[PDB]
Structure formats: structure tokens, C-alpha cells
Amino acid sequence: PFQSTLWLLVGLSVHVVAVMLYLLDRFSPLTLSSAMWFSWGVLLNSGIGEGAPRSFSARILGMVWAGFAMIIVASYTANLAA
Amino acid sequence: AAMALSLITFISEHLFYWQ
């Protein structure tokens, strides 16, 4: 039911947003690879999880990403209902 | 507005860090 138009951007959406965490860690008052697993984990409802953002602002980026997980997969499994 | 909210809060800790 999901067209390839949305697939490409959402697939690349996680990659371009995970890097901002380590970028934000530069001026904080955990390598880049060790921080990217978090975002892909959030969406996939996975059981693998370790390491959390340390800076206060980095949590906000992780915070807003949490809401994106709930809206997509739940609504995606609502279109199939019809 | 996510990063826009992040960048404006990015300098918020800079104020505490620099003062």
C-alpha cells in the first residue's frame, strides 16, 4: 500500500537525522556509528537498545524522533485495515 | 521544526557554557 515515493525519503530520513546527535555532542557542556543504531532501533520496535544521549539538547532530538515511530507504523497498519 | 528547535536550544547551553 505504500508507494515508493515516500519510501526513499523516509529511508534516508533516519540516516540524515542520526548524525545530528554526534554533531550536537561536539559542544556538549559514543562515536557516530555507536549513535546511529539508536534511531533505527526506535522505529523498528526492536529489543536491542543501549546508550542514550548525554547532553540535554541531544535528548530533544531523540525525543522528537520517538513520536515519528508511533505515527508511521500504527497508521501504516491502519491503511491495510481497509 | 525539529532541528529549528534543536539549534535554538543548541546555543542555550552555550550561554551556560560561556557564562
# chains A, B, ... in the order shown; residues from 1 in each chain; ligands from 1

call {"tool": "residues_around", "arguments": {"residues": "residue 16 (chain A)", "least_positions_apart": "6", "cutoff": "12 Å", "atoms": "only C-alpha atoms", "output": "list in words"}}
result
residues 9, 10, 22, 23, 32, 36, 39 and 40 of chain A; 3 of chain B

call {"tool": "write_last_selection", "arguments": {"atoms": "N, CA, C and O atoms", "output": "PDB file, in the first residue's frame"}}
result
ATOM      1  N   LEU A   9      12.555   8.763   0.855  1.00  0.00           N
ATOM      2  CA  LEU A   9      12.886   9.852   1.768  1.00  0.00           C
ATOM      3  C   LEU A   9      12.884   9.384   3.218  1.00  0.00           C
ATOM      4  O   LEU A   9      13.761   9.769   3.999  1.00  0.00           O
ATOM      5  N   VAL A  10      11.911   8.552   3.599  1.00  0.00           N
ATOM      6  CA  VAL A  10      11.865   8.063   4.973  1.00  0.00           C
ATOM      7  C   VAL A  10      13.029   7.117   5.246  1.00  0.00           C
ATOM      8  O   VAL A  10      13.550   7.072   6.367  1.00  0.00           O
ATOM      9  N   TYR A  22      25.625  13.182  17.162  1.00  0.00           N
ATOM     10  CA  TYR A  22      27.060  13.316  17.385  1.00  0.00           C
ATOM     11  C   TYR A  22      27.534  14.731  17.080  1.00  0.00           C
ATOM     12  O   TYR A  22      28.429  15.251  17.756  1.00  0.00           O
ATOM     13  N   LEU A  23      26.952  15.364  16.059  1.00  0.00           N
ATOM     14  CA  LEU A  23      27.285  16.753  15.764  1.00  0.00           C
ATOM     15  C   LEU A  23      26.934  17.657  16.937  1.00  0.00           C
ATOM     16  O   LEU A  23      27.687  18.581  17.268  1.00  0.00           O
ATOM     17  N   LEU A  32      30.063   8.239  16.211  1.00  0.00           N
ATOM     18  CA  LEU A  32      28.938   8.461  15.309  1.00  0.00           C
ATOM     19  C   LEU A  32      28.218   7.156  14.991  1.00  0.00           C
ATOM     20  O   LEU A  32      26.984   7.113  14.951  1.00  0.00           O
ATOM     21  N   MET A  36      24.133   5.927  15.760  1.00  0.00           N
ATOM     22  CA  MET A  36      23.149   5.757  14.696  1.00  0.00           C
ATOM     23  C   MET A  36      22.222   4.579  14.964  1.00  0.00           C
ATOM     24  O   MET A  36      21.084   4.568  14.482  1.00  0.00           O
ATOM     25  N   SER A  39      18.520   5.476  16.503  1.00  0.00           N
ATOM     26  CA  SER A  39      17.394   5.939  15.699  1.00  0.00           C
ATOM     27  C   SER A  39      16.751   4.804  14.913  1.00  0.00           C
ATOM     28  O   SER A  39      15.519   4.694  14.880  1.00  0.00           O
ATOM     29  N   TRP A  40      17.558   3.956  14.274  1.00  0.00           N
ATOM     30  CA  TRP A  40      16.990   2.820  13.555  1.00  0.00           C
ATOM     31  C   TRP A  40      16.316   1.845  14.510  1.00  0.00           C
ATOM     32  O   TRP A  40      15.367   1.153  14.124  1.00  0.00           O
TER      33      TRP A  40
ATOM     34  N   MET B   3      15.002  20.332  14.090  1.00  0.00           N
ATOM     35  CA  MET B   3      16.326  20.937  14.194  1.00  0.00           C
ATOM     36  C   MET B   3      16.224  22.421  14.520  1.00  0.00           C
ATOM     37  O   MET B   3      17.046  22.956  15.272  1.00  0.00           O
TER      38      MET B   3
END

call {"tool": "select_by_dssp", "arguments": {"residues": "chain A", "states": "alpha helix (DSSP H)", "output": "JSON, numbers by chain"}}
result
{"A": [4, 5, 6, 7, 8, 9, 10, 11, 12, 13, 14, 15, 16, 17, 18, 19, 20, 21, 22, 23, 24, 25, 32, 33, 34, 35, 36, 37, 38, 39, 40, 41, 42, 43, 56, 57, 58, 59, 60, 61, 62, 63, 64, 65, 66, 67, 68, 69, 70, 71, 72, 73, 74, 75, 76, 77, 78, 79]}

call {"tool": "residues_around", "arguments": {"residues": "region 7-16 of chain B", "least_positions_apart": "2", "cutoff": "9 Å", "atoms": "only C-alpha atoms", "output": "list in words"}}
result
residues 24, 27, 28, 29, 56, 57 and 58 of chain A; 2, 3, 4, 5, 18 and 19 of chain B

call {"tool": "closest_residue", "arguments": {"among": "A:70, A:81, A:25, A:41", "to": "chain B", "atoms": "only C-alpha atoms"}}
result
A:25

call {"tool": "atom_distance", "arguments": {"atom1": "CA of residue 26 (chain A)", "atom2": "CA of residue 6 (chain B)"}}
result
13.8 Å

call {"tool": "residues_around", "arguments": {"residues": "residue 44 (chain A)", "least_positions_apart": "3", "cutoff": "12 Å", "atoms": "only C-alpha atoms", "output": "list in words"}}
result
residues 14, 37, 38, 39, 40, 41, 47, 48, 49, 66, 68, 69, 70, 72, 73 and 74 of chain A

call {"tool": "closest_residue", "arguments": {"among": "A:42, A:30, A:35, A:19", "to": "chain B", "atoms": "only C-alpha atoms"}}
result
A:19
